[PDB]
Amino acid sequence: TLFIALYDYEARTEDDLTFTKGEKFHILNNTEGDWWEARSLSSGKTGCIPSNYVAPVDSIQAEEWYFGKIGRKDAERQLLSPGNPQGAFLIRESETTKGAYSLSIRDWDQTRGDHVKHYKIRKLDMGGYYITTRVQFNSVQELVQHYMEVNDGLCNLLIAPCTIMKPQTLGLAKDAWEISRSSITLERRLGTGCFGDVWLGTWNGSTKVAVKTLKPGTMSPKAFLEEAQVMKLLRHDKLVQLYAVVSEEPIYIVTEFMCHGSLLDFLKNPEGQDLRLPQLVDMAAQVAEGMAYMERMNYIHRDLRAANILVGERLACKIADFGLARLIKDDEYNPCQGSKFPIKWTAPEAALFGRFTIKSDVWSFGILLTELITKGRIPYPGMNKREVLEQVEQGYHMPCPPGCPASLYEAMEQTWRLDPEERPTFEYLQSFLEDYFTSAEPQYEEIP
C-alpha cells in the first residue's frame, strides 16, 4: 500500500505532484492506470502522479537493477550502450520459463568480443531462487545482493545496475487525450511534408513535444478522432508514443520528440554512414518487432518506410505514421481513389485491388530493408512510380542492392512474393533478424 518514486518528476498542471526519487506515497485512486492519485509522506499533500514512476517499497520492481518484462534482445541493446561498464547487469522476467528470471550482464572475451551473458534464475518448487544449485536464496533480491558482494562463480561481479533511458509519462496528464490548440506552442519547424508540417514545441509551456500538423482538407476530423481512439490503444516500445491530438483543423498529432529525426535522414548523415552491418540489422529487427506487435493486434500500417521510422536516444527506432494513410482524402491531381499509399512501397494487391493487410505491410518492410541496408538509397532507382506499378504487377522486384548479404536478400524476395499468403510473418522476420548474427550462441550460460 506504500509506494516509492523511482525517478524525479516536475508538476505540469496544478493537479499533479512534484516529487523526488526516494519519496514515498499512499495511493488513493487508480481508476486511470496511467496516473494515480497519491499523498506524499514527505509533504502530506495530495495530487496525481505518473503510475510508472513509482513502485511498491522494498519490492523487486523498486530495485534499480530490475527491468521487468524487457526482452532479452532489448536487454542486450540497453547493456551494450555507452555508460555501462563491464559488469553492468539487470534482472528481467524469463522469456522461456514461466515463473523464472534472467540475469543479464555485460562481458568481454576474445571469441564473442563485447557481448552480454545471460543466466537463468530458477526457483525450486520446495523453495529457493538460484543460479547454481550450490547457493540458494529466499528472494531474487537476496541473490542479487549476494552476487554484488562477491563473484560466486559468474563471469564478473555484479558491478553496477544497467543505466536506463530518461523515463516518460504515459500521456501528458491525467485523463487527457484531446487538448485545446492553445495548450500547444509551436517553436521550431522540423520539416515540411505533402500533408503538413512537423514542429518541436511545448505543452503547457513545460513539456517538450513534437507536433505533426495536417493541412486542412487532408482528412475528416471525426474520422481522424475515431481512428486516434484506436491508435491510443496501441502501446509498444517500438511504436512512437502518442501523447495527445487536436481534432479541429488543422489537426495536431502530439508525440514524444525523437532527437535524431527520421531513419532515412539519420542513415545519410555522418553518424548513420559510420553504421556497420550488425547495427543496421538490429534496427531492422527493432522495426520488425514493432510490426510483429501490430501483427498480433491485426493493425495495418499502410505507410511503412524509412521516412516513417524515427530514431531516438541510444539509436532506438520507433514506428510512426501508422493507420492514418487510410483516411487521406482525394484531390484532382492524383487518380488514387479512397486510400492513399506510397507507390514504391505498396504491395501489388494493395495498390491495385485495395487489399491492405499485414502481408502488404510485409512487402513494405522488404522495401524498407532495401532502404536500410543501402543507408538511404531510393527504391527502384531509375524507375518512376507508374513504371514501378506496371512492373511489380508483372512480377518484377528489385535486384540485390550493392552491399547486401545473400541471406538478407533472400528474405526480401520472400517478402515480395505475389501471393500474400506465401510471404513470411513479422514474427518470423523479427526472429530471423534478431538471430541473424548470433546464430551459434548458447541461450543461457551453463554454470555449476
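Position 1 is the first residue in the sequence shown; the rest follow in order.
Comparing 59-67 with 29-37, the stretch with the higher mean C-alpha B-factor in the PDB entry is 29-37.
For the pair 300-308 and 325-333, the mean B factor over Cα atoms is greater in 325-333. Looking only at 108, 266, 129, 365, the residue with the top Cα B factor in the deposited structure is 129. The PDB entry assigns its highest CA temperature factor, among 86, 104, 247, 255, to 247. Sort the chain's modelled residues by C-alpha temperature factor and residue 162 lands in the lowest third, per the entry. Annotation for residue 74: CA B-factor lies in the middle third of the chain's modelled residues.
Remark: residue 178 belongs to the middle third of its chain, ranked by C-alpha B-factor as recorded. When the modelled residues of the chain are ordered by C-alpha B-factor, residue 137 sits in the highest third. Ranked within its chain, residue 374 lands in the lowest third, by CA B factor from the PDB record.
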